[PDB]
């Protein structure tokens, strides 16, 4: 890193001078808890038919969505104390913080 710098680098490199990639772009996420994969290192839960998670069947994501998330839109509650701008700033801010690449 340079000794002095008035501005951020674009990658975020050199913000931390002891560990200069911390918070820089195109780096692994930090893990706050160890990963939990079906085979322990790479395959996600639900990948292999009949392989249970902590001794129970893995629930289809679409089925949980159908059963718990789905509601009739005519029941929608407007939030009296929040603007839609509160939703939009969250998205915008998320976009300043993380993007998890996937292959094209």
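Residue numbers count along the first chain shown, from 1.
Exercise. Name the higher of the two by mean Cα B-factor in the PDB entry, 71-79 versus 56-64.
Key: Mean CA B-factor is higher for 71-79.
Quiz item: With respect to the recorded C-alpha B factors, which stretch has the higher mean value, 80-88 or 16-24?
Solution: Higher mean C-alpha B-factor in the PDB entry: 80-88.
Quiz item: If you check the C-alpha B-factor for each of 43, 30, 33, 51 in the entry, which is highest?
Solution: Across 43, 30, 33, 51, the entry lists the biggest C-alpha B-factor for 51.
Self-check item: Third of the chain, ranked by Cα B-factor, where residue 98 sits
Solution: For residue 98, the deposited C-alpha B-factor lands in the lowest third.
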